[PDB]
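S.K.: After the structure tokens below, expect a handful of questions from me.
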Amino acid sequence: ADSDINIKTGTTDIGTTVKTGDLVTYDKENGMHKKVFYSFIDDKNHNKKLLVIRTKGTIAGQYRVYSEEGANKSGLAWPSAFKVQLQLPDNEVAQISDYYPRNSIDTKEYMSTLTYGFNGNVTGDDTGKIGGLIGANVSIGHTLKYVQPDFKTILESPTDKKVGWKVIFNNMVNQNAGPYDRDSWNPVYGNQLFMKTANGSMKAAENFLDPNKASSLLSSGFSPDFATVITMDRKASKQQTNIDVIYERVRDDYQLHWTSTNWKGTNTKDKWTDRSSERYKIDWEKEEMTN
Amino acid sequence: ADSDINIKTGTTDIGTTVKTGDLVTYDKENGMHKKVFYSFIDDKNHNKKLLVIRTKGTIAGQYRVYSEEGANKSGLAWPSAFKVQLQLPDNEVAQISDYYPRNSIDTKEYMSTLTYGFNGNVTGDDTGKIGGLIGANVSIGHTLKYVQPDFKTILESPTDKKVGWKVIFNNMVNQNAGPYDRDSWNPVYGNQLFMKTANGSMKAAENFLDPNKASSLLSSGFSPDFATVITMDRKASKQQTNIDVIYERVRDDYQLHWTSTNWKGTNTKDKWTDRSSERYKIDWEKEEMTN
Amino acid sequence: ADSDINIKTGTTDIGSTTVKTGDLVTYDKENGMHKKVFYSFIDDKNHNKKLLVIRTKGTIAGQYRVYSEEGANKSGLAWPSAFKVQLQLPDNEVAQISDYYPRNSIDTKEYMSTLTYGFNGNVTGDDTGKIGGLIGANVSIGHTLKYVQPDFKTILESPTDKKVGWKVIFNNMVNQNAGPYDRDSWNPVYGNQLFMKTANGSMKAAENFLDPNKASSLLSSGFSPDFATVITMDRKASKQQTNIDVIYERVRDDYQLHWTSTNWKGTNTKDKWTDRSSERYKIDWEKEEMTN
Amino acid sequence: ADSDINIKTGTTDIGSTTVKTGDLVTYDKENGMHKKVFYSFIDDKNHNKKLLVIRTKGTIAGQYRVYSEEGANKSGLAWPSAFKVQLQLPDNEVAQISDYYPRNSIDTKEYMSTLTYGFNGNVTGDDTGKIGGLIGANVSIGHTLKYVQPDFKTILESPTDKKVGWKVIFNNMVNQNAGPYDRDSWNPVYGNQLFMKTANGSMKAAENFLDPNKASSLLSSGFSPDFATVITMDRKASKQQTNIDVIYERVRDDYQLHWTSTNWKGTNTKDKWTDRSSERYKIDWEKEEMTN
Amino acid sequence: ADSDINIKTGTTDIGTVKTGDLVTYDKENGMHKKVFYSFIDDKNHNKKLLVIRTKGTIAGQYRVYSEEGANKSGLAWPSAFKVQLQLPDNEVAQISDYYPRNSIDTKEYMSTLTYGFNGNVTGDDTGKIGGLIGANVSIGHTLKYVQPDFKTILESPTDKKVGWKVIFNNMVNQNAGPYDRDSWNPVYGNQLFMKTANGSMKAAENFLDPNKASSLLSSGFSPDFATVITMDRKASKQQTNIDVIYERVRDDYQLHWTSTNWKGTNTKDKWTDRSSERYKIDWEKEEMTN
Amino acid sequence: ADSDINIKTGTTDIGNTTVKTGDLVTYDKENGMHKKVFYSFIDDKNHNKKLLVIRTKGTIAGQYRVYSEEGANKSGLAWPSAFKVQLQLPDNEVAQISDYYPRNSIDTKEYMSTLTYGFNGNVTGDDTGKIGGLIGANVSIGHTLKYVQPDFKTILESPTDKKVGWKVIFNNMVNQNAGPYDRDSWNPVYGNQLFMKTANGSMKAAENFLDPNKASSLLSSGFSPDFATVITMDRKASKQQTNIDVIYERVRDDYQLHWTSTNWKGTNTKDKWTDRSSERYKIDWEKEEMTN
Amino acid sequence: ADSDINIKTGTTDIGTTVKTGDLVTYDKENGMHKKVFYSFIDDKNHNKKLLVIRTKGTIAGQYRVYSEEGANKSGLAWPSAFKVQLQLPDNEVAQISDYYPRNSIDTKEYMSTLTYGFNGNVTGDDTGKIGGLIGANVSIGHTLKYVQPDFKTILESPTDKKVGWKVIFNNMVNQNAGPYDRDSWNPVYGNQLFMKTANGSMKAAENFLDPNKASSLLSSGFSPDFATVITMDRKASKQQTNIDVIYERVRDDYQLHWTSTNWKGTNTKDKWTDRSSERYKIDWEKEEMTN
């Protein structure tokens, strides 16, 4: 913060009138509500002109049973990753200056235990017999404790021309069991990730986990909220800039099959990928952004 | 936020005088108090005119014993879902830009424990006999921890013309037991979701759980608090826009029957649906919203 | 909030506007109720309606009291199981109930699952040169449900555009590090021990009730409502006066203790008594004043 | 809050006006009470009534003290079981008690249910070719109750439109990692162990009382009230003067220790002594000043 | 707060002020005594205000004071820090307020009831078959609470005199205890500041290093107490004398050798260091001097 | 804070003062480093020196990658064990490094001691009228140490008045609910299991490395520095231009997996590769601007 | 705070224009970056002129293997205490008024548990034999819980002429073992504080704990952040004041030696002391501080 280096708070920041806007596009085939909120910041005391692009909207999860192959085997398509990406063409003079959020250093809680004890006893009965025991004990414990989200938010390695985030599936609770991930494997039941019952009396399709009891991101979807800061030199001859904005969904294939005794599930990674791209024009003189 | 990217706070946002209003309607048949609070925001430095629509009011729960087939079987209607939906006609130029709340990523706390120990003991009695014993142990522990609300609030997959929320029944604690949900099944007791006593001596209607010990959303109801942001192009020819708002309640059927040794309950999903729809007119020039 | 939708904070709210506020205080002696109405007239020209905020405060006494004493074997305690507040506009009124606070909040619960498994080896022996051996294994499944419970639940009753109300109801309560008990607790031997002081005692039934100092203060000293109701009124309306009835009421249960020649047993009758205190206020929207 | 009902925060409150404040200090020597009244006259023209905020502060000394000594087998300790502060308008007054802080809050408690079940297998053996085995199973169901309790409870007494008051009462207390004990704790051997230092030692009874340094600081050094009362006055009233009575009081219990020939036994008598300090203030609404 | 009674925040308070610093060092008593004062004269307030903040630092002076050979030694340590302000009785000015005050402690209590059943079947190669069916019940009570190394206590004030005492409560000793001034063990006595149970060194060596003990004991305690004094403007004598006293009470912790192990004994309130000083308050000039 | 020393907050900090800010961005492709400098010139007349605040941000890619594959029994994985950022002024410069953020924070640990003791009795018998009894006792002492560990530790390296720097180093990490492991973890059978996916599987060595999605995101996608350096300059200095070198660098370790005919065995070589990216900036104190 | 005594917040404080400055000096021999930030406050409504002296910079750890006596014995120098001291000459009329931080009162969490139980059991076998068992138990537990920092920050007993802080080594975790301090002793291992391995095959110098796994204060160093407030009477004749500032590092000597069966460590306290002093001139009239 500002006070940590003996300077009055808010002093070293960029603060000037700002020009803002909203641009909304809906991709029907890809089921993506894409909204770009932009702010043009022109601080004369700052050596660069700034454009802040906040990418919002919603990418639908589209957790859906897609095929029913008889009554033994059925297939479920589900979203394992949501991605948002911004890219400047290389010929551009404008640069990607900053981004939010970034990758945070995860933490874990470790705990070590040492217990030792002693115990004595006296025993007896009606035949006048009497016994005794003296025992001792030591025990060492190690406990690891940590928090994990259903989905991880990760900032991809940026350049000065391209940036992006991926919100990826980590693990999930299945009816107070698990947690399971894309790589969970059981010899009897295989991958129990979206498995409703271990054994029942129905067609395969019914045995998929009800999306209401799973992560709501899987079905109803994920709403990005990422910020990109682009800087522009005022003396450039060309005060126009193209920028590409991409929303993307990666879908995995979770299959259920019947092994004559119980259910077994199998998951194939990155089976499908829906990519929705749109190009925007940035006018640094007019301070407006269009598509 | 703005300070995370080296910019003065509150800079990049939309801020100008605002035109606000209230529209209240009460649907008696559906037992729904529907209130719409709206705000017209016209910032010249913003590329579009804004309308914020907050949908509030209260959808009654109407948790009730509706049928009485003697003293052996009875039926309880209960609300499993509350829904709010806003929809623009497709031919409209205005777009759904933003919404609150959105879907949150759940988290869970995991714990791993590894313990190992040793113990010794020496035994004896008055017959001069001496015994001895040396033992060792290892133990592995896994603990999963997470929070579940009685009802889940979910933002449905939006487009730029339609948006909505569903507040759905998740699971619920029943008199220090459970928690139970719509799919809980016990071979003896079936679904014990709203079952008061397992095997008492009363009529079936009496045996439903007192709403005072269940989620207050079930009976007294749920008060929506959702916001939609619509953007409008100032240069559009038609500066008038219709918008339809739907309130919905979906009720499940929980029936109790006596098996001569016990009570057993059965739950039918989405048996009834109360749907209350109203149309509003949005005048962007006059900056006023009416019904 | 506004910042969540890229708007300057406080932009979308009703404020730009002079407000006319007031206090009306009434004490109902027979019903033991202190009733305060704090009201605020907000007339924002940029708002499509006139606004009145009615904050219903004050305090409804608990009146937790031993009411009957049929000797030393039997006694009865009257206690408040519900506090209620209700506002109601007549149907012929043009003014509408627009909003209210508080509302019903969604409860949550903390769930915890444990799976533990272990092995142990062991060798035995003694002075007769004898040697024994032991290999054991174990597995264990644990499930924990965890949640917080208030002594009283605050509920917003199903509102209309003409009437609104809250009910603050008894939930459950700790009795001297035991329980918690509620209105429906039953023990075959002791019955409902909710306000039972001791299981065994040489003393009157009246003396065997739980000291109100050791119970929820809402039961005895009482509960102080803090509810807000927002009324909207159309400026074009012809009659710029609106009558409104405000009701405070208390529902009291009957908790009786009787001696079974060996011990104490408690019985609770629900909603035995109801104290209802109603009063009418006149809302003048032109004069921007509310009166009684 | 206001933002909860779509209104700019601080809009509906009384402030949108210059305030006249003051301090009145009195010390009751015989009753050991420092009594301070901080008052504020608020006259908001947009408010239908004049406001006086009376904040009652100061400190009521605990006066935890060994008062009598009957030999070395029996001794008595006076201790504060309740502090009380009360404000009362004469009924003939036109001014009304409008609001008060703090009020009674709804307590909560944390409940837990646990269900565990497990299995274990085991094989044992010997050098005599002997072979043994066992297969066991287990179920266990647990209930946990968890909650927080203060040493003293702060309670708002049932107010009227003329009188209000708070009481800070003794609840329970830890005694050297034991207990907690309260006024009704009883042990057949030791009686009430609340303020006894040792169970069995060789000293006078006076010696065996708990060092106040190891007890609640309120018991000895005392309690500092911080309560606010809000009085409303109609401007159109003929008599713009109002008398108001402010009362501080301390309730002391009698804790006796005696020797019973083998161990120590403690007994507590409730509400034996009561120190009450009353004073009258004159409220002049026109001059906007409060005097003594 | 004000918003709790439907009034705009900051309305009911007193809102130019004249402030000052007086510093004195008592070398003999090892006390750095600082008074920060503020004169507040609000026309809309019925009396003139003086806020007196008593700060500075009272050194702990945790030290081994005596060495009676190699079997016996004495440690002096601070069991109480005290601050006192006193107006003479004939003064018209009154003590109106003070901070901090005494807070009500809380404790966390939790009760558990567990009951279970267990079955088992046993057997061996001799075709023998055994069984057992068992049940269990258990009740647990848990008490939980937080206590500071020192308790900060506001002494019963009057309208002429006020004071605070910061007293030793209990303390952890090398992952053991906590111990207090009254802890007693029949073989070891009071193990409060004892380093080792049995080790061949001088008695002075066996005292706990101040670096592993509460820093208030050695380096000291910094008071931060405020007193609010009110004065009537119509008073004839617009001067007021006030005495401020800083105090340290030291206990005596003795270690002695019993030919097998160490034993500690603690005697309370053996020494008392009192540093008193008088200030002159001028309400007209709005200044406080010495 | 200032209020802690009886001064109005914000009084003693630096701030008629106008600040001259700017951004410099370069991307080193060979080293995969997005390097951004945000600078602020602060010239407070009431301050004895001109100030320049340099904020080093951007992102150093983790570049967690399988780099060699010697069949299906041996593979190598290059991973980032340290990220570093360094700023250096040449010796001949009169300008000085005055301050920096973050600095090294003091770690803490929670210690716990438990002492439990108990007694138990039991009576035994059977159908042969035999009667037995046993009475036992136990004592136990427990010590628990508890502390929080980040995946990477942020260290401020020992600064001078000419150069400053930070290193963000790998500490330890959880591997699929196992570990946590660090660069020196060793198992006689499995070696270092830090990034080992399975104990014994049937795949290529390359396929047996832990999925970067299940590892610290700093390892693959990378680390984003956020460091501040405060440089002071005398106004009276002759050369109001100052060169400064900024270095971003990544230290990569070598984690190899090999098959021992029964299972997998991991080996980690420290500081095998070092990627260094340096850039020269010109600081102009008169023109109040920074360039490269 | 002021609101605690019925006064508007910020009323009783000092506030006026302030004159601030920076003095940076680097002690190479002692490896100490020493920065002084000063603020002159002259409030006319305050009875004295104020100078706030903030001592910052960084004292390097210099955790280093210094000696090598073959391959069986070695020595490690480590910082056991960092110190900062400010001292006014006794003849000065200017006074040390205040200081931050001060000593905080530490706390601990104590909990006592009382548990008691009963159990029954019935036994039998195929020989028609019958057995019985009735048991009871009681147990009392005492648990202590508290937090201990790696280093303690302590304000030393100040006067009106001298003030200082010491940041001292408390204890430290050694590879999930310990924690150990300067007085830890094991008959077999001696002091295991900075010992890497109990018994291995390297030179002594190799067996010291990697500074990366120890407190970073030990190696990279400590950054002081201390404030001293000095008052000056405006009417004092001599409006100039010299002040000495001392930065100091106390290093302990941790030696490792091989006893032919395992490693044993020994630690000697306060072996070395690096002391770096600088004198500053305070001009109260010109409101400037120089070196």
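In the structure tokens, the first chain shown is A, the next is B, and so on; residue numbers restart at 1 for each chain, and ligands run from 1 in the order shown.
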At a cut-off of 9 Å, using only C-alpha atoms, what residues contact region 255-259 of chain C? Leave out same-chain residues fewer than 2 positions from it and give the result as a compact mmCIF listing (two decimals) with C-alpha atoms, in the first residue's frame.
M.R.:
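Written out: part.txt:
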# COMPACT_ATOMS: atom_id res chain seq x y z
CA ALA C 72 -47.26 -27.54 45.96
CA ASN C 73 -47.65 -30.46 43.57
CA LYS C 74 -48.87 -28.51 40.53
CA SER C 75 -48.03 -25.12 38.98
CA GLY C 76 -48.35 -23.17 35.74
CA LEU C 77 -46.02 -20.76 33.96
CA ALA C 78 -47.12 -18.37 31.19
CA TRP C 79 -44.38 -17.61 28.66
CA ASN C 192 -40.98 -31.42 28.55
CA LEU C 194 -37.80 -26.90 28.91
CA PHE C 195 -38.28 -24.58 31.90
CA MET C 196 -37.79 -27.29 34.53
CA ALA C 205 -43.86 -26.54 41.59
CA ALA C 206 -43.78 -22.75 41.32
CA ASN C 208 -39.13 -25.38 40.34
CA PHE C 209 -39.30 -23.17 37.25
CA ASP C 253 -47.78 -20.70 25.93
CA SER C 261 -44.88 -38.83 43.56
CA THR C 262 -41.32 -39.70 42.46
CA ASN C 263 -40.26 -36.81 40.23
CA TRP C 264 -41.27 -33.68 38.29
CA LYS C 265 -43.02 -33.71 34.91
CA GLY C 266 -43.61 -30.80 32.57
CA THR C 267 -46.36 -30.27 29.99
CA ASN C 268 -46.60 -27.47 27.43
CA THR C 269 -49.78 -26.19 25.79
CA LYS C 270 -49.19 -24.13 22.65
S.K.: Distance table requested - chain E against chain C, cut-off 9 Å, only C-alpha atoms: one row per qualifying residue with the closest atom pair and its distance in Å to one decimal, ordered by chain and rising residue number, as a tab-separated table.
M.R.:
residue	atom	partner	partner_atom	distance
E:6	CA	C:38	CA	8.2
E:109	CA	C:177	CA	8.4
E:110	CA	C:177	CA	8.0
E:111	CA	C:177	CA	7.1
S.K.: Atoms to include: C-alpha atoms. Write the selected residues as a short mmCIF file (atom, residue, chain, number, x, y, z; two decimals), in the first residue's frame.
M.R.:
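File produced: out_23.cif:
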data_model
loop_
_atom_site.label_atom_id
_atom_site.label_comp_id
_atom_site.auth_asym_id
_atom_site.auth_seq_id
_atom_site.Cartn_x
_atom_site.Cartn_y
_atom_site.Cartn_z
CA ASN E 6 -32.14 6.85 14.10
CA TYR E 109 -18.69 -24.07 27.24
CA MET E 110 -19.56 -27.24 25.32
CA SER E 111 -21.21 -30.50 26.38
#
S.K.: For region 98-115 of chain A, work out the shell of residues within 6 Å, counting only C-alpha atoms and skipping chain neighbours fewer than 6 positions away, then give it as an MDAnalysis selection string.
M.R.: (chainID A and resid 138:146 154:155 226:229) or (chainID F and resid 141:151)
S.K.: Just write the chosen residues, C-alpha atoms, as an mmCIF file, in the first residue's frame.
M.R.:
data_model
loop_
_atom_site.group_PDB
_atom_site.id
_atom_site.type_symbol
_atom_site.label_atom_id
_atom_site.label_comp_id
_atom_site.auth_asym_id
_atom_site.auth_seq_id
_atom_site.Cartn_x
_atom_site.Cartn_y
_atom_site.Cartn_z
ATOM 1 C CA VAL A 138 4.046 -43.121 22.587
ATOM 2 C CA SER A 139 2.451 -41.986 19.314
ATOM 3 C CA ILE A 140 3.442 -39.607 16.516
ATOM 4 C CA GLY A 141 0.922 -37.895 14.240
ATOM 5 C CA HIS A 142 1.067 -35.775 11.100
ATOM 6 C CA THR A 143 -1.935 -33.776 9.869
ATOM 7 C CA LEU A 144 -2.257 -31.824 6.619
ATOM 8 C CA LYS A 145 -5.111 -29.347 6.174
ATOM 9 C CA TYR A 146 -6.047 -27.220 3.168
ATOM 10 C CA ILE A 154 -5.583 -19.269 -13.321
ATOM 11 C CA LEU A 155 -3.915 -16.403 -15.181
ATOM 12 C CA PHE A 226 -11.358 -10.304 -15.637
ATOM 13 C CA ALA A 227 -9.578 -7.005 -16.278
ATOM 14 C CA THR A 228 -6.931 -6.206 -18.884
ATOM 15 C CA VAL A 229 -4.979 -2.938 -18.929
ATOM 16 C CA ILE F 141 0.893 -35.807 27.790
ATOM 17 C CA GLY F 142 0.473 -34.421 24.272
ATOM 18 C CA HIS F 143 2.417 -31.811 22.328
ATOM 19 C CA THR F 144 1.104 -30.369 19.071
ATOM 20 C CA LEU F 145 2.861 -27.944 16.743
ATOM 21 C CA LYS F 146 0.775 -26.196 14.115
ATOM 22 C CA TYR F 147 1.786 -23.762 11.383
ATOM 23 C CA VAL F 148 0.872 -22.498 7.922
ATOM 24 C CA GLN F 149 3.171 -22.924 4.908
ATOM 25 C CA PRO F 150 2.897 -21.169 1.545
ATOM 26 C CA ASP F 151 3.772 -22.988 -1.696
#
S.K.: Would you mind listing, as an MDAnalysis selection string, all residues of chain A that have at least one atom within 7 Å of chain B, where only C-alpha atoms are what counts?
M.R.: chainID A and resid 10 13:15 18:22 24 26 33 35 39 57:58 60 98 129:151 216:217 220:223
S.K.: Which of these, C:207, C:182, C:245, C:110, has the shortest distance to chain A once you count only C-alpha atoms?
M.R.: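 Nearest to chain A: C:110.
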S.K.: Within 9 Å of chain F, which residues belong to chain E? Use only C-alpha atoms and report them as a PDB file with C-alpha atoms, in the first residue's frame.
M.R.:
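The resulting iface-v4.pdb:
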ATOM      1  CA  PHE E  36      -0.354  14.324  26.681  1.00  0.00           C
ATOM      2  CA  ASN E 175       5.542 -24.968  27.116  1.00  0.00           C
ATOM      3  CA  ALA E 176       4.455 -25.770  30.692  1.00  0.00           C
TER       4      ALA E 176
END
S.K.: Run DSSP on the backbone and tell me which residues of region 77-167 of chain E come out as strand (DSSP E); list them as a PyMOL selection string.
M.R.: chain E and resi 77-86+94-99+106-124+129-148+150-154+161-167
S.K.: Emit the selected residues as a PDB file, in the first residue's frame, including C-alpha atoms.
M.R.:
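Written file, again-v4.pdb:
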ATOM      1  CA  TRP E  77       9.819  -9.135  39.358  1.00  0.00           C
ATOM      2  CA  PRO E  78       6.939  -6.691  38.673  1.00  0.00           C
ATOM      3  CA  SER E  79       3.508  -8.058  39.649  1.00  0.00           C
ATOM      4  CA  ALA E  80       1.627  -4.805  39.056  1.00  0.00           C
ATOM      5  CA  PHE E  81       1.968  -1.570  37.139  1.00  0.00           C
ATOM      6  CA  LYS E  82      -0.245   1.258  38.367  1.00  0.00           C
ATOM      7  CA  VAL E  83      -1.290   4.694  37.167  1.00  0.00           C
ATOM      8  CA  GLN E  84      -3.222   7.151  39.326  1.00  0.00           C
ATOM      9  CA  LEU E  85      -4.598  10.655  38.885  1.00  0.00           C
ATOM     10  CA  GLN E  86      -5.938  12.545  41.898  1.00  0.00           C
ATOM     11  CA  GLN E  94     -14.474  16.845  38.365  1.00  0.00           C
ATOM     12  CA  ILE E  95     -13.385  13.566  36.802  1.00  0.00           C
ATOM     13  CA  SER E  96     -15.986  12.965  34.109  1.00  0.00           C
ATOM     14  CA  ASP E  97     -14.707  10.011  32.080  1.00  0.00           C
ATOM     15  CA  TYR E  98     -11.900   7.470  31.635  1.00  0.00           C
ATOM     16  CA  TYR E  99     -10.499   4.867  29.224  1.00  0.00           C
ATOM     17  CA  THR E 106     -16.736 -14.517  28.329  1.00  0.00           C
ATOM     18  CA  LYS E 107     -16.172 -18.255  28.248  1.00  0.00           C
ATOM     19  CA  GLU E 108     -16.990 -20.996  25.785  1.00  0.00           C
ATOM     20  CA  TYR E 109     -18.690 -24.071  27.237  1.00  0.00           C
ATOM     21  CA  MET E 110     -19.559 -27.241  25.325  1.00  0.00           C
ATOM     22  CA  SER E 111     -21.213 -30.502  26.376  1.00  0.00           C
ATOM     23  CA  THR E 112     -21.178 -33.833  24.532  1.00  0.00           C
ATOM     24  CA  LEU E 113     -23.269 -36.996  24.881  1.00  0.00           C
ATOM     25  CA  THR E 114     -22.107 -40.085  22.996  1.00  0.00           C
ATOM     26  CA  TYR E 115     -23.499 -43.607  23.070  1.00  0.00           C
ATOM     27  CA  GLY E 116     -22.786 -46.667  20.947  1.00  0.00           C
ATOM     28  CA  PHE E 117     -23.007 -50.407  20.383  1.00  0.00           C
ATOM     29  CA  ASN E 118     -20.485 -52.982  19.170  1.00  0.00           C
ATOM     30  CA  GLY E 119     -20.688 -56.609  18.079  1.00  0.00           C
ATOM     31  CA  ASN E 120     -18.035 -59.268  17.594  1.00  0.00           C
ATOM     32  CA  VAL E 121     -17.727 -62.925  16.638  1.00  0.00           C
ATOM     33  CA  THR E 122     -14.541 -64.879  17.395  1.00  0.00           C
ATOM     34  CA  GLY E 123     -13.206 -68.332  16.521  1.00  0.00           C
ATOM     35  CA  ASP E 124     -10.225 -70.651  16.080  1.00  0.00           C
ATOM     36  CA  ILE E 129     -17.020 -70.109  18.157  1.00  0.00           C
ATOM     37  CA  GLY E 130     -17.500 -67.070  20.402  1.00  0.00           C
ATOM     38  CA  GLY E 131     -19.420 -63.801  20.403  1.00  0.00           C
ATOM     39  CA  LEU E 132     -19.872 -60.508  22.244  1.00  0.00           C
ATOM     40  CA  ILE E 133     -22.406 -57.667  22.146  1.00  0.00           C
ATOM     41  CA  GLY E 134     -21.498 -54.459  23.974  1.00  0.00           C
ATOM     42  CA  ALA E 135     -22.847 -50.958  24.526  1.00  0.00           C
ATOM     43  CA  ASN E 136     -21.390 -47.677  25.806  1.00  0.00           C
ATOM     44  CA  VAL E 137     -22.426 -44.207  26.999  1.00  0.00           C
ATOM     45  CA  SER E 138     -20.256 -41.151  27.718  1.00  0.00           C
ATOM     46  CA  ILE E 139     -20.777 -37.537  28.784  1.00  0.00           C
ATOM     47  CA  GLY E 140     -18.170 -34.819  28.289  1.00  0.00           C
ATOM     48  CA  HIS E 141     -17.967 -31.226  29.499  1.00  0.00           C
ATOM     49  CA  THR E 142     -15.490 -28.752  28.021  1.00  0.00           C
ATOM     50  CA  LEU E 143     -14.609 -25.282  29.283  1.00  0.00           C
ATOM     51  CA  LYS E 144     -12.696 -22.885  27.035  1.00  0.00           C
ATOM     52  CA  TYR E 145     -11.406 -19.351  27.659  1.00  0.00           C
ATOM     53  CA  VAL E 146      -8.655 -16.834  26.906  1.00  0.00           C
ATOM     54  CA  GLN E 147      -6.677 -15.063  29.621  1.00  0.00           C
ATOM     55  CA  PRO E 148      -3.910 -12.465  29.130  1.00  0.00           C
ATOM     56  CA  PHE E 150      -1.563  -9.284  32.502  1.00  0.00           C
ATOM     57  CA  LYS E 151      -5.027  -7.978  33.393  1.00  0.00           C
ATOM     58  CA  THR E 152      -5.762  -4.301  32.751  1.00  0.00           C
ATOM     59  CA  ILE E 153      -8.147  -3.063  35.428  1.00  0.00           C
ATOM     60  CA  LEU E 154      -9.837   0.280  36.045  1.00  0.00           C
ATOM     61  CA  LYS E 161      -9.532  10.414  41.742  1.00  0.00           C
ATOM     62  CA  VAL E 162      -9.077   7.726  39.091  1.00  0.00           C
ATOM     63  CA  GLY E 163      -6.504   5.025  38.402  1.00  0.00           C
ATOM     64  CA  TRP E 164      -5.577   1.855  36.543  1.00  0.00           C
ATOM     65  CA  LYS E 165      -3.706  -1.258  37.579  1.00  0.00           C
ATOM     66  CA  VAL E 166      -2.150  -3.692  35.138  1.00  0.00           C
ATOM     67  CA  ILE E 167      -1.615  -6.868  37.168  1.00  0.00           C
TER      68      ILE E 167
END
S.K.: Have a look at D:93, D:126, D:2, D:44 and name the one nearest to chain C; count only C-alpha atoms.
M.R.: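 Nearest candidate to chain C out of D:93, D:126, D:2, D:44: D:126.
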S.K.: Near residue 281 (chain B), counting only C-alpha atoms, which residues have an atom at most 12 Å away, once you skip same-chain residues fewer than 2 positions from it, shown as a PyMOL selection string?
M.R.: chain B and resi 23+38+88-89+239-245+278-279+283-284+286-291
S.K.: Taking into account only C-alpha atoms, which residue in the set D:121, D:246, D:98, D:203 is nearest to residue 277 (chain D)?
M.R.: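 For residue 277 (chain D), the nearest of the candidates is D:246.
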S.K.: Taking only region 37-266 of chain A into account, list the residues labelled helix (DSSP H, G or I) by DSSP (computed from the backbone), as a list in words.
M.R.: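 In region 37-266 of chain A, DSSP puts these residues in helix (DSSP H, G or I): residues 204, 205, 206, 207, 211, 212, 213, 216, 217, 218 and 219 of chain A.
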S.K.: With a distance cut-off of 8 Å and only C-alpha atoms, select the neighbouring residues of residue 157 (chain C), excluding the residue or stretch itself and same-chain residues fewer than 2 positions from it, and output the selection as number ranges by chain.
M.R.: B: 220-221; C: 155, 159, 164-167
S.K.: Compile the contact shell of residue 49 (chain E) as a ChimeraX atom specification: residues with an atom at most 12 Å away, counting only C-alpha atoms, same-chain residues fewer than 6 positions apart removed.
M.R.: /D:22-23 /E:14,17-19,37-43,93-97,227-233,281-284,286-287 /G:5-7,11-12
S.K.: Using only C-alpha atoms and a distance of at most 6 Å, pull out the residues of chain D that contact chain C, as number ranges by chain.
M.R.: D: 6-8, 12, 46-48, 107-126, 157-158, 160-161
